[PDB]
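So the chains spell out like this:
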Amino acid sequence: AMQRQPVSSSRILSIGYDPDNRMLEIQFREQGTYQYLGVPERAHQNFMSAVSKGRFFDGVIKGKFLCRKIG
């Protein structure tokens, strides 16, 4: 299965990616954990390399892939 990696961010606590299902999992500080569906592996790599995880989330992920909250 896929496991999230901790990251340093004012908004995001950890990020995981499942290359098989093309699924991205983001755990937010205040707002819980979401899965984003149909995310290409290159997106995940760029996410992990971004200077600002928040900026990258806002510009590339948010509202651009179907998401669901898990919990």
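Throughout, a per-chain count from 1 in the order the sequence is written supplies the residue numbers; the entry may number residues differently, and those without coordinates are omitted. Side-chain figures throughout are based on the complete set of non-hydrogen atoms in the structure, without hydrogens or water.

X-ray crystallography is the method the PDB entry lists for this structure, together with a resolution of 1.732 Å.

We treat two strands as partners when DSSP finds at least two bridges between them. Put simply, DSSP H or I for four residues or longer makes a helix, DSSP E for two residues or longer makes a strand, and each gets a number counted from the N terminus. Spatially, five strands are ordered β1-β2-β3-β4-β5 in an open sheet, and the strand pairing comes out antiparallel. This sheet does not close on itself; its edge strands, each paired only once, are β1 (5–6) and β5 (67–70). As defined by bridge partners, strand β3 (residues 23–28) adjoins strand β4 (residues 32–37) across six bridges and the pair is classed as antiparallel. Across the sheet, the residue bridging to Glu25 is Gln35, located in β4. Running at roughly 155° to strand β2 (residues 12–18), helix α1 (residues 41–49) makes contact with β1, β2 and β3 of the sheet. Contact definition: two residues touch when any of their heavy atoms are within 4.5 Å. Here, axes are lines fitted to C-alpha atoms. For helices the fit covers the stretch in contact, and angles between N-to-C directions go from 0 to 180 degrees.

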